[PDB]
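K.L.:
Encoded as structure tokens, here's the structure I'll be asking about.
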Amino acid sequence: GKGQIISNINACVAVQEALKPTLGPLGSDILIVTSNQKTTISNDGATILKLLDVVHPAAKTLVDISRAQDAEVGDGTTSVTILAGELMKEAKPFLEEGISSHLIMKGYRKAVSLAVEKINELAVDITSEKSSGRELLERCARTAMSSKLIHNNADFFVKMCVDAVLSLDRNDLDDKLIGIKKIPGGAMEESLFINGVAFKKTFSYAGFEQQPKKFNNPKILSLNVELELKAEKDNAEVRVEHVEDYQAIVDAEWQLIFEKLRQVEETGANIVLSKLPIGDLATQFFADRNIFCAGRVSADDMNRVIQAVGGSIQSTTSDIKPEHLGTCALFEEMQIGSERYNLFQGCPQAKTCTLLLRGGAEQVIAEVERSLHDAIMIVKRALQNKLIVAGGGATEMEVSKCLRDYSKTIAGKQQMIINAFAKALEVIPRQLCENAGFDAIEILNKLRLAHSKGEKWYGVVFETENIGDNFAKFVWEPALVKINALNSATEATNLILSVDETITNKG
Amino acid sequence: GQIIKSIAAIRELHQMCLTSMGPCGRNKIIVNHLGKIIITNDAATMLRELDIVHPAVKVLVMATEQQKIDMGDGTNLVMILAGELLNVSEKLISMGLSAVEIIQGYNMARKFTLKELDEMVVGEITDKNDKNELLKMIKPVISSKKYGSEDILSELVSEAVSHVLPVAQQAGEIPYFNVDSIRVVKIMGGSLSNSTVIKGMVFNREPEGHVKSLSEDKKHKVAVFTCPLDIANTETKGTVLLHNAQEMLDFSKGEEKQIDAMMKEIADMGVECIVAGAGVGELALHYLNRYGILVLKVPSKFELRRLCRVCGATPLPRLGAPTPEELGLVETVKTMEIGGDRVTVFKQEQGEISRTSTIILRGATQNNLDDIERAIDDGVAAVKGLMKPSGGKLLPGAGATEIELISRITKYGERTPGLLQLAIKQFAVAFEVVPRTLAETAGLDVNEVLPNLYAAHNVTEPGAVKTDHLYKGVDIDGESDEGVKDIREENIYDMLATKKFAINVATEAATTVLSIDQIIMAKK
Amino acid sequence: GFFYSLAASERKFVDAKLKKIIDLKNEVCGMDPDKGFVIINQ
């Protein structure tokens, strides 16, 4: 019946209400408690919404469009869910007066055809004009770091952010290629950029391992299985018919491993890593040969080492071929972070890097880790996509303007629908002001003054509350966000409003 | 008054189907008890996932399945029309007219309608199987299901049909087009504009070997081996075991020389493709890489049936006997990247015309991905309706058929004296639900579009010969219009085999409900 | 099963009856047009 349509609209409001404070870098965060009891807190709407698992069928549409938003684009997963839900809230009083849903849903796609042609007119392609290679990455890095605790220390952080993307291919860039590990303790300005990978220092036990950490050209080799003798967990029982034979029972592993001890010496590999915990048998012979090794290496850490020197993993140490080996330029393990952490430097073939951060608490670094990801996604989409538009409410306020004038020239019921479509676009700049504390009543009223003077670049200043231009604030967003969001929000809005019945089978 | 409450129970499910037919239709999400979500726009498939309690509704469900099995199209016309026949008969039962003459009245009105279907034929399908000629039949099938995709999906479906059909004319003895000749596959990524048409089955799995694709040589030999790859041993038990290390060297080298000897004889016969329905060992993939033999594994027995009708291959119960008589021939096989992942497809060039084709779908929406998959299946049965049983004849659709029948039935009402006039008049009024449904769901006013439909088919012409436009149907508008418009502009027509078959099923559907005055059931 | 690197034992009983049936079509009803021969073979 008709009552199912209204019930489906209010069901999405409860999900949308939680995603409203998550819009913007300064907005509130959602605390989600998984059934596994692991607590995760982040401002990225993708991972957030994926943890809800709402039983309601129409709420699954928001999850489906969130995956395509994070895959094809990666930015704006929160805004695409709020914009798709806002159109359903404004259409609630229109359905109570007898207006069919088909006319309202059809009117939304009418403004989409005018929105696609509007984005192409607002897209300006500029690369080397009034800019350079270093000035492009430097000016855009301080924008995402503004209004944060790192703004005073951002001078040293921008220099490390520019060299991060230069170490990787400009045609193909991935934000996951730069790792960030939380290191408790130390100053936040003492962090450095490393091309290699670091470990967690999981060994708190003392009494061995003397060795200098300064190496010239170590050789890297991967080992798929654990080679060890001493084991802290399990144990071996020996019962036989002879008294003097109790010793030799546990020695069955000697000969074949005894030969493998000198195979590394003949090979010369100075780096040995494995995804399984390694005992003290491997660390024994490696001392004199100046061979470095680390046990209990994560699975994701070895995959980054394979792509570093171009080597490959092998099960045993016998049949390893010479092309599996690799060598870096320098290996230096310093005390940065008040603990010795191994790292690689000088790998020309390395397809990934790691950006280390320091701070007095792990929660402070977590706020910086999510803030650095926003600056990477801007550069990630500024390379492949040459169309750059003014974001932060600039383009959002421009789309609503022109659509109000196009409705006056369109006779019929589409006039109120397009006018309501442009009116619902005001939720994006509003919520951004409420999350930062600014008053959305006065700004949205005063912004419409200069907005009608013909200048389409007027944005919203995120630092000090006032009307201004995002061109001077260096707030940029790719044109792919505005194109993919309007197409996904319109399809998701027309899908839920057309539901006349909710069928759920139990058993 | 149980017969009245039985209609009210169907009325609760009647409004569900009123929102199905037409461009406003939407699929329904159904969560199975096993944790699987099946999404389809088709009503006949939807009834299979729904649990029907009252057996009175099962009569309409069983009548709906009849439309999907034979003609495959028109399931929405059968359920909606049969539900309206009970509403117009509710007034006759309350008026005091017995249900006996009501059933007898439908039998007389059904024979009068079937005789007029031959005079309502506008065009005649020549069965040319041309790409442009198939656009007229496929367009209304895709219509009233998914909006905006009717232009793109029209060229994809019509192209795959012409590939599986041979060159023949005026021959109805030997059937050609089957219902399994068109398979629909889905893959994540892409769009509708980048979709292509493949002349054969599409395999989305990995080749599981270092050989990506075969060469360009003509007439590649393909052999299907049901027996797994392994050394020949006793059929009963025959498990390989090692008692001592001495027999290890003989058993290990024995399996390597036996498999290599069988692959050498097959490679010499010219067979570049080996299809193994069972698992493949580790040592078997090493020899196939050096000989340049494509590795293909099809565990599903349903896919091997359609493969035998293309190249002509036959499954062999044994291994190592490459009989050249049962081998198949394919012109060209290639491995290309479609949808973001590299897969090995199956197609042809000229000879060995394939009787089975597969259309690849691409898109960024998961919900609409399965919608087109279920929508093409309704278009597959439309080609089957082109055979001898009134395949060439067609009737105008878009609500123009149900409105035109009103004037013809009411003319024969006053001609037949007696009490049959009550059932004949109500039989024509029941056709008014079709034009009202499209106008109500689309937001059009009833006081505007509906009176213009009656004035379109009823005019005053000073002469016996009809003139002006009789093709005006129900218009969905969507932009602007005054009154209605001609349907011949968009070329939306309905086949006679689909409409004539839907009338007989819908007539017997409402006949069963009205004839049952008592229902006795027990708990399970 | 019979694996050759044998089939005469399986076709020994089949060919004995088959060769005697095909001789009936040539000797009886061979010349007569518009006729046929059907085997039940349960």
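Each chain of the structure tokens is named A, B, ... in the order shown, its residues numbered from 1; ligands are numbered from 1 in display order.
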Identify all chain B residues at most 10 Å from chain A by counting only C-alpha atoms; ligands do not count. Present them as number ranges by chain.
P.N.:
B: 12, 15-16, 19, 23-35, 49-51, 189, 364-367, 440-444, 478-480
K.L.:
Generate a file of the selected residues that holds N, CA and C atoms, formatted as a short mmCIF file (atom, residue, chain, number, x, y, z; two decimals), in the first residue's frame.
P.N.:
data_model
loop_
_atom_site.label_atom_id
_atom_site.label_comp_id
_atom_site.auth_asym_id
_atom_site.auth_seq_id
_atom_site.Cartn_x
_atom_site.Cartn_y
_atom_site.Cartn_z
N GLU B 12 -5.77 -8.15 -2.40
CA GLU B 12 -4.56 -7.73 -1.70
C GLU B 12 -3.32 -7.98 -2.56
N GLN B 15 -3.25 -5.51 -6.31
CA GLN B 15 -2.57 -4.22 -6.37
C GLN B 15 -1.06 -4.38 -6.49
N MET B 16 -0.51 -5.52 -6.05
CA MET B 16 0.92 -5.76 -6.23
C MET B 16 1.28 -5.92 -7.70
N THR B 19 1.21 -2.58 -9.96
CA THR B 19 2.44 -1.80 -9.97
C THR B 19 3.59 -2.53 -10.66
N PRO B 23 5.95 0.88 -17.15
CA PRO B 23 7.30 1.40 -16.87
C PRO B 23 7.57 1.65 -15.39
N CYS B 24 6.53 1.70 -14.56
CA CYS B 24 6.69 1.94 -13.13
C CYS B 24 7.02 0.67 -12.35
N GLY B 25 7.14 -0.47 -13.02
CA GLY B 25 7.40 -1.71 -12.32
C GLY B 25 8.77 -1.73 -11.67
N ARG B 26 8.86 -2.46 -10.56
CA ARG B 26 10.11 -2.61 -9.82
C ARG B 26 10.24 -4.04 -9.33
N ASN B 27 11.48 -4.51 -9.29
CA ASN B 27 11.78 -5.80 -8.68
C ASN B 27 11.54 -5.75 -7.17
N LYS B 28 11.35 -6.92 -6.58
CA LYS B 28 11.10 -7.06 -5.15
C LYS B 28 12.21 -7.89 -4.52
N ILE B 29 12.80 -7.37 -3.45
CA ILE B 29 13.87 -8.07 -2.74
C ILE B 29 13.25 -9.12 -1.84
N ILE B 30 13.64 -10.38 -2.04
CA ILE B 30 13.13 -11.51 -1.27
C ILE B 30 14.31 -12.20 -0.60
N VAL B 31 14.31 -12.23 0.72
CA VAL B 31 15.38 -12.85 1.49
C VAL B 31 14.95 -14.28 1.82
N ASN B 32 15.65 -15.25 1.24
CA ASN B 32 15.35 -16.65 1.49
C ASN B 32 15.83 -17.07 2.87
N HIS B 33 15.25 -18.16 3.38
CA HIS B 33 15.63 -18.68 4.68
C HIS B 33 17.06 -19.22 4.70
N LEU B 34 17.65 -19.47 3.53
CA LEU B 34 19.01 -19.96 3.43
C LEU B 34 20.04 -18.83 3.34
N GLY B 35 19.61 -17.58 3.45
CA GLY B 35 20.53 -16.46 3.34
C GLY B 35 20.93 -16.12 1.93
N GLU B 49 9.44 -17.66 -5.75
CA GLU B 49 10.10 -17.32 -4.50
C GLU B 49 9.12 -16.95 -3.40
N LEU B 50 7.86 -16.69 -3.74
CA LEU B 50 6.85 -16.34 -2.75
C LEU B 50 6.09 -17.58 -2.32
N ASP B 51 5.76 -17.65 -1.03
CA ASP B 51 5.02 -18.77 -0.47
C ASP B 51 3.53 -18.42 -0.47
N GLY B 189 31.89 -4.27 -13.40
CA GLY B 189 32.61 -3.25 -14.13
C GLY B 189 32.08 -3.07 -15.54
N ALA B 364 28.07 -0.82 -13.58
CA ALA B 364 28.55 -0.50 -12.24
C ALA B 364 27.49 -0.68 -11.16
N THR B 365 26.29 -1.11 -11.53
CA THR B 365 25.19 -1.30 -10.58
C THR B 365 24.91 -2.78 -10.42
N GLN B 366 24.92 -3.25 -9.17
CA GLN B 366 24.67 -4.67 -8.90
C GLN B 366 23.18 -5.00 -8.98
N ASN B 367 22.32 -4.08 -8.55
CA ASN B 367 20.88 -4.33 -8.59
C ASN B 367 20.37 -4.41 -10.02
N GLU B 440 -2.75 5.57 -14.10
CA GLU B 440 -2.69 5.85 -12.67
C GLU B 440 -1.27 5.76 -12.13
N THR B 441 -0.50 4.76 -12.57
CA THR B 441 0.86 4.61 -12.07
C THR B 441 1.78 5.70 -12.60
N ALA B 442 1.49 6.23 -13.79
CA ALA B 442 2.33 7.26 -14.39
C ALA B 442 1.97 8.66 -13.92
N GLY B 443 0.98 8.81 -13.04
CA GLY B 443 0.60 10.10 -12.53
C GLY B 443 -0.37 10.87 -13.39
N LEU B 444 -0.85 10.30 -14.49
CA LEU B 444 -1.79 10.99 -15.36
C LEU B 444 -3.17 11.04 -14.72
N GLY B 478 5.72 11.71 -20.21
CA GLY B 478 7.08 11.82 -19.73
C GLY B 478 7.74 13.14 -20.07
N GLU B 479 7.22 13.88 -21.05
CA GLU B 479 7.73 15.20 -21.37
C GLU B 479 6.57 16.19 -21.42
N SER B 480 5.68 16.01 -22.39
CA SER B 480 4.46 16.80 -22.56
C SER B 480 3.71 16.23 -23.75
#
K.L.:
Could you name the residues that touch region 132-140 of chain A at 12 Å or less, counting only C-alpha atoms, but leaving out those on the same chain fewer than 5 positions away, as a PyMOL selection string?
P.N.:
chain A and resi 126-127+145-146+154-166+170+372+374-380+382-383+470-477
K.L.:
Please, could you write that set of residues out with N, CA, C and O atoms as a short mmCIF file (atom, residue, chain, number, x, y, z; two decimals), in the first residue's frame?
P.N.:
data_model
loop_
_atom_site.label_atom_id
_atom_site.label_comp_id
_atom_site.auth_asym_id
_atom_site.auth_seq_id
_atom_site.Cartn_x
_atom_site.Cartn_y
_atom_site.Cartn_z
N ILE A 126 43.79 22.71 -16.31
CA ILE A 126 45.01 23.50 -16.13
C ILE A 126 46.06 22.63 -15.46
O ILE A 126 45.76 21.88 -14.52
N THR A 127 47.29 22.70 -15.97
CA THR A 127 48.38 21.90 -15.42
C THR A 127 49.61 22.75 -15.13
O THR A 127 49.95 22.97 -13.96
N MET A 145 45.72 19.96 5.69
CA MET A 145 46.32 20.02 7.02
C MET A 145 45.84 21.21 7.84
O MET A 145 46.19 21.31 9.02
N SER A 146 45.05 22.10 7.25
CA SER A 146 44.57 23.27 7.97
C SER A 146 43.51 22.87 9.00
O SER A 146 42.88 21.81 8.90
N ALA A 154 53.09 21.61 9.99
CA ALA A 154 52.87 21.27 8.59
C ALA A 154 54.03 21.69 7.69
O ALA A 154 54.09 21.22 6.55
N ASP A 155 54.93 22.55 8.16
CA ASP A 155 56.06 22.96 7.34
C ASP A 155 56.94 21.77 6.97
O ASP A 155 57.35 21.62 5.82
N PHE A 156 57.24 20.91 7.95
CA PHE A 156 58.03 19.72 7.69
C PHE A 156 57.22 18.59 7.07
O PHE A 156 57.79 17.71 6.42
N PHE A 157 55.89 18.61 7.24
CA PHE A 157 55.06 17.52 6.73
C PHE A 157 54.82 17.64 5.23
O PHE A 157 54.67 16.61 4.55
N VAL A 158 54.77 18.86 4.69
CA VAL A 158 54.54 19.03 3.26
C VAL A 158 55.75 18.55 2.46
O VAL A 158 55.60 17.94 1.39
N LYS A 159 56.96 18.81 2.96
CA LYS A 159 58.16 18.38 2.26
C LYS A 159 58.23 16.86 2.14
O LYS A 159 58.72 16.33 1.14
N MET A 160 57.74 16.14 3.15
CA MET A 160 57.70 14.68 3.09
C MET A 160 56.54 14.17 2.24
O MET A 160 56.62 13.05 1.72
N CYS A 161 55.47 14.95 2.10
CA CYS A 161 54.33 14.52 1.30
C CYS A 161 54.59 14.66 -0.19
O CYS A 161 54.05 13.88 -0.99
N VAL A 162 55.41 15.63 -0.59
CA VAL A 162 55.71 15.81 -2.01
C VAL A 162 56.55 14.65 -2.52
O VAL A 162 56.27 14.08 -3.58
N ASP A 163 57.59 14.27 -1.78
CA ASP A 163 58.45 13.17 -2.18
C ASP A 163 57.77 11.81 -2.06
O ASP A 163 58.32 10.82 -2.55
N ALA A 164 56.60 11.74 -1.43
CA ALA A 164 55.90 10.47 -1.31
C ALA A 164 55.31 10.03 -2.65
O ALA A 164 55.46 8.88 -3.06
N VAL A 165 54.63 10.95 -3.34
CA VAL A 165 54.04 10.62 -4.63
C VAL A 165 55.07 10.60 -5.76
O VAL A 165 54.84 9.95 -6.79
N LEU A 166 56.19 11.30 -5.59
CA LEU A 166 57.23 11.28 -6.62
C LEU A 166 57.97 9.95 -6.67
O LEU A 166 58.54 9.61 -7.71
N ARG A 170 53.43 8.25 -11.77
CA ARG A 170 52.42 9.30 -11.85
C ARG A 170 51.21 8.88 -12.67
O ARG A 170 50.13 9.45 -12.49
N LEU A 372 46.09 12.53 6.51
CA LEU A 372 47.02 12.42 5.39
C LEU A 372 46.40 11.68 4.21
O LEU A 372 46.81 11.88 3.07
N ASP A 374 43.40 12.10 3.08
CA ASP A 374 42.62 13.04 2.29
C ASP A 374 43.50 13.80 1.30
O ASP A 374 43.06 14.10 0.18
N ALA A 375 44.73 14.11 1.70
CA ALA A 375 45.64 14.81 0.80
C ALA A 375 46.15 13.89 -0.30
O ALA A 375 46.51 14.37 -1.39
N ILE A 376 46.20 12.59 -0.05
CA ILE A 376 46.66 11.65 -1.06
C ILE A 376 45.59 11.44 -2.13
O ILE A 376 45.89 11.37 -3.32
N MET A 377 44.33 11.35 -1.71
CA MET A 377 43.24 11.14 -2.66
C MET A 377 43.07 12.33 -3.60
O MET A 377 42.63 12.15 -4.74
N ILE A 378 43.41 13.53 -3.14
CA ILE A 378 43.34 14.70 -4.01
C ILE A 378 44.40 14.62 -5.11
O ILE A 378 44.12 14.87 -6.28
N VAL A 379 45.63 14.26 -4.73
CA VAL A 379 46.69 14.11 -5.71
C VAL A 379 46.46 12.87 -6.57
O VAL A 379 46.83 12.85 -7.76
N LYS A 380 45.84 11.84 -6.00
CA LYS A 380 45.58 10.61 -6.76
C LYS A 380 44.66 10.87 -7.95
O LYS A 380 44.88 10.34 -9.04
N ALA A 382 44.09 13.96 -9.22
CA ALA A 382 44.55 15.10 -10.00
C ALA A 382 45.51 14.72 -11.12
O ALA A 382 45.78 15.55 -11.99
N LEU A 383 46.01 13.48 -11.11
CA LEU A 383 46.95 13.02 -12.14
C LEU A 383 46.21 12.45 -13.35
O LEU A 383 46.31 12.99 -14.45
N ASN A 470 37.22 29.65 -2.93
CA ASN A 470 38.06 28.48 -2.72
C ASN A 470 39.30 28.48 -3.60
O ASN A 470 40.22 27.70 -3.35
N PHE A 471 39.34 29.33 -4.64
CA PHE A 471 40.53 29.42 -5.47
C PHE A 471 41.72 29.95 -4.68
O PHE A 471 42.85 29.49 -4.85
N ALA A 472 41.48 30.92 -3.79
CA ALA A 472 42.53 31.41 -2.92
C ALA A 472 42.79 30.47 -1.75
O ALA A 472 43.93 30.36 -1.29
N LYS A 473 41.75 29.78 -1.27
CA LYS A 473 41.91 28.81 -0.19
C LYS A 473 42.54 27.51 -0.66
O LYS A 473 42.83 26.65 0.19
N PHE A 474 42.74 27.33 -1.96
CA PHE A 474 43.39 26.14 -2.52
C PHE A 474 42.60 24.87 -2.20
O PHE A 474 43.18 23.81 -1.96
N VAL A 475 41.28 24.98 -2.19
CA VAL A 475 40.40 23.84 -1.99
C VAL A 475 39.98 23.33 -3.36
O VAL A 475 39.23 24.00 -4.08
N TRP A 476 40.46 22.15 -3.73
CA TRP A 476 40.20 21.57 -5.04
C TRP A 476 39.61 20.18 -4.88
O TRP A 476 39.92 19.46 -3.93
N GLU A 477 38.76 19.81 -5.83
CA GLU A 477 38.16 18.48 -5.90
C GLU A 477 38.09 18.06 -7.36
O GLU A 477 37.88 18.89 -8.25
#
K.L.:
To one decimal place in Å, what is the distance between CA of residue 393 (chain B) and CA of residue 497 (chain B)?
P.N.:
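These atoms are spaced 8.0 Å apart.
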K.L.:
Counting only C-alpha atoms, collect the residues of chain C whose closest atom lies at most 10 Å from chain B, and write them out as a PyMOL selection string.
P.N.:
chain C and resi 1-5
K.L.:
For the selection just defined, write its residues with C-alpha atoms to a file, as an mmCIF file, in the first residue's frame.
P.N.:
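Okay, this is what ended up in again.cif:
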data_model
loop_
_atom_site.group_PDB
_atom_site.id
_atom_site.type_symbol
_atom_site.label_atom_id
_atom_site.label_comp_id
_atom_site.auth_asym_id
_atom_site.auth_seq_id
_atom_site.Cartn_x
_atom_site.Cartn_y
_atom_site.Cartn_z
ATOM 1 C CA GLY C 1 37.070 -52.231 -17.504
ATOM 2 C CA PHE C 2 39.081 -52.898 -20.649
ATOM 3 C CA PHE C 3 41.986 -50.481 -21.168
ATOM 4 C CA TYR C 4 44.129 -50.847 -24.295
ATOM 5 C CA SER C 5 47.555 -49.222 -24.627
#
K.L.:
Residues within 9 Å of residue 401 (chain A), please, as a list in words. Count only C-alpha atoms; anything in the same chain fewer than 3 positions from it doesn't count.
P.N.:
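Counting only C-alpha atoms, the residues come to residues 397, 398, 404, 405, 422, 448, 451 and 452 of chain A.
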K.L.:
Could you write out that same residue set with N, CA and C atoms as an mmCIF file, in the first residue's frame?
P.N.:
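Output saved as result-v6.cif:
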data_model
loop_
_atom_site.group_PDB
_atom_site.id
_atom_site.type_symbol
_atom_site.label_atom_id
_atom_site.label_comp_id
_atom_site.auth_asym_id
_atom_site.auth_seq_id
_atom_site.Cartn_x
_atom_site.Cartn_y
_atom_site.Cartn_z
ATOM 1 N N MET A 397 26.895 24.935 -4.562
ATOM 2 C CA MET A 397 26.011 26.095 -4.577
ATOM 3 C C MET A 397 25.722 26.587 -5.989
ATOM 4 N N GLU A 398 26.597 26.288 -6.952
ATOM 5 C CA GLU A 398 26.367 26.720 -8.325
ATOM 6 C C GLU A 398 25.332 25.857 -9.036
ATOM 7 N N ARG A 404 17.295 26.513 -10.532
ATOM 8 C CA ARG A 404 16.116 27.283 -10.154
ATOM 9 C C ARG A 404 15.598 28.121 -11.314
ATOM 10 N N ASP A 405 16.495 28.606 -12.176
ATOM 11 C CA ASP A 405 16.072 29.386 -13.333
ATOM 12 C C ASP A 405 15.554 28.504 -14.462
ATOM 13 N N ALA A 422 16.857 21.496 -6.512
ATOM 14 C CA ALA A 422 17.893 22.478 -6.212
ATOM 15 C C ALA A 422 17.841 22.921 -4.756
ATOM 16 N N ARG A 448 24.241 33.694 -0.853
ATOM 17 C CA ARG A 448 23.415 33.841 -2.045
ATOM 18 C C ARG A 448 23.439 35.252 -2.618
ATOM 19 N N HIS A 451 26.647 35.269 -4.858
ATOM 20 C CA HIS A 451 26.537 34.098 -5.719
ATOM 21 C C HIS A 451 25.765 34.390 -7.000
ATOM 22 N N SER A 452 24.898 35.399 -6.991
ATOM 23 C CA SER A 452 24.111 35.770 -8.159
ATOM 24 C C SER A 452 24.766 36.860 -8.998
#
K.L.:
Just to confirm, what's the straight-line distance from CA of residue 511 (chain B) to CA of residue 453 (chain B) in Å (one decimal)?
P.N.:
29.1 Å
K.L.:
Excluding region 275-291 of chain B and any residue of its chain fewer than 2 positions from it, enumerate the residues within 6 Å of it, using only C-alpha atoms, and give them as a list in words.
P.N.:
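What passes the distance filter is residues 223, 224, 225, 226, 228, 229, 293, 296, 297, 298 and 299 of chain B.
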K.L.:
Residues of region 401-512 of chain B classed as helix (DSSP H, G or I) by DSSP on the backbone are to be reported as an MDAnalysis selection string.
P.N.:
chainID B and resid 401:413 421:441 446:457 487:489 496:512
K.L.:
Extract, using only C-alpha atoms, all DNA, RNA and protein residues at most 12 Å from residue 150 (chain A), discarding same-chain residues fewer than 6 positions from it, and format them as a compact mmCIF listing (two decimals) with C-alpha atoms, in the first residue's frame.
P.N.:
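New file result07.txt:
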# COMPACT_ATOMS: atom_id res chain seq x y z
CA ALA A 141 49.11 19.86 0.95
CA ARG A 142 48.59 22.71 3.43
CA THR A 143 44.85 22.84 2.65
CA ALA A 144 44.00 19.40 4.05
CA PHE A 156 58.03 19.72 7.69
CA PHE A 157 55.06 17.52 6.73
CA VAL A 158 54.54 19.03 3.26
CA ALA A 187 57.75 14.42 19.04
CA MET A 188 55.46 14.74 16.03
CA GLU A 189 57.99 16.77 14.00
CA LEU A 357 54.45 8.98 12.31
CA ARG A 358 55.26 9.78 15.93
CA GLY A 359 53.29 11.28 18.79
CA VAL A 364 46.70 11.48 18.11
CA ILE A 365 48.49 9.68 15.28
CA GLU A 367 43.75 11.50 13.64
CA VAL A 368 46.82 12.41 11.57
CA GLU A 369 46.74 9.13 9.63
CA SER A 371 44.08 13.37 7.62
CA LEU A 372 47.02 12.42 5.39
K.L.:
Do a neighbour search on residue 507 (chain B) at 8 Å with only C-alpha atoms, toss out local chain neighbours closer than 4 positions, and write the hits as a ChimeraX atom specification.
P.N.:
/B:82,106,110,503,511
K.L.:
Keeping only N, CA and C atoms, write the selected residues to a file as a tab-separated table (two decimals), in the first residue's frame.
P.N.:
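See selection-v6.tsv below for the written result:
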chain	number	residue	atom	x	y	z
B	82	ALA	N	-7.18	-11.68	-15.14
B	82	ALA	CA	-7.95	-12.65	-14.37
B	82	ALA	C	-8.41	-12.07	-13.04
B	106	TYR	N	-18.92	-16.23	-20.28
B	106	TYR	CA	-17.52	-16.07	-20.68
B	106	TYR	C	-17.16	-17.00	-21.83
B	110	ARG	N	-15.65	-15.52	-25.17
B	110	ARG	CA	-14.30	-15.91	-25.56
B	110	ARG	C	-14.25	-16.32	-27.03
B	503	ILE	N	-5.50	-14.98	-23.53
B	503	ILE	CA	-6.94	-14.85	-23.31
B	503	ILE	C	-7.53	-16.16	-22.82
B	511	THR	N	-12.64	-18.70	-14.26
B	511	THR	CA	-13.71	-19.69	-14.27
B	511	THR	C	-13.60	-20.63	-13.08
K.L.:
Give me the residues near region 33-37 of chain C as a list in words, where near means some atom within 12 Å (using only C-alpha atoms) and where sequence neighbours in that chain fewer than 3 positions away do not count.
P.N.:
residues 21, 22, 24, 25, 26, 28, 29, 30 and 40 of chain C
K.L.:
For N, CA, C and O atoms, I'd like the residues from the last selection saved as a short mmCIF file (atom, residue, chain, number, x, y, z; two decimals), in the first residue's frame.
P.N.:
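The resulting file, part.cif, is shown below:
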data_model
loop_
_atom_site.label_atom_id
_atom_site.label_comp_id
_atom_site.auth_asym_id
_atom_site.auth_seq_id
_atom_site.Cartn_x
_atom_site.Cartn_y
_atom_site.Cartn_z
N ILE C 21 20.12 -60.00 -37.71
CA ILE C 21 18.95 -59.14 -37.90
C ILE C 21 19.06 -58.35 -39.20
O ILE C 21 18.08 -58.21 -39.93
N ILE C 22 20.25 -57.84 -39.50
CA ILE C 22 20.43 -57.05 -40.72
C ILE C 22 20.25 -57.89 -41.97
O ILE C 22 19.95 -57.35 -43.04
N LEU C 24 17.84 -60.07 -42.27
CA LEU C 24 16.41 -60.21 -42.48
C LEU C 24 15.84 -59.09 -43.34
O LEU C 24 14.90 -59.31 -44.10
N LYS C 25 16.41 -57.89 -43.23
CA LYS C 25 15.93 -56.76 -44.02
C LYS C 25 16.23 -56.95 -45.51
O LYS C 25 15.44 -56.53 -46.36
N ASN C 26 17.36 -57.57 -45.83
CA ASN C 26 17.72 -57.78 -47.23
C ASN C 26 16.93 -58.93 -47.85
O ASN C 26 16.49 -58.84 -49.00
N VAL C 28 13.99 -60.35 -46.57
CA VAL C 28 12.56 -60.13 -46.42
C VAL C 28 12.29 -58.63 -46.43
O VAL C 28 12.98 -57.87 -45.73
N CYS C 29 11.30 -58.22 -47.22
CA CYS C 29 10.85 -56.83 -47.31
C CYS C 29 11.95 -55.89 -47.81
O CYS C 29 11.93 -54.69 -47.54
N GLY C 30 12.92 -56.43 -48.56
CA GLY C 30 13.96 -55.58 -49.11
C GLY C 30 13.47 -54.75 -50.28
O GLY C 30 13.69 -53.53 -50.33
N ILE C 40 12.00 -53.73 -30.89
CA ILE C 40 11.53 -53.34 -29.56
C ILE C 40 12.73 -53.09 -28.66
O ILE C 40 12.98 -51.94 -28.26
#
K.L.:
Please determine, counting only C-alpha atoms, which residue among A:231, A:119, A:402, A:249 has the shortest atom-to-atom distance to residue 485 (chain A).
P.N.:
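Residue with the minimum atom-to-atom distance to residue 485 (chain A): A:119.
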K.L.:
CA of residue 6 (chain B) to CA of residue 62 (chain B): how many Å, to one decimal?
P.N.:
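Between CA of residue 6 (chain B) and CA of residue 62 (chain B) the gap is 16.9 Å.
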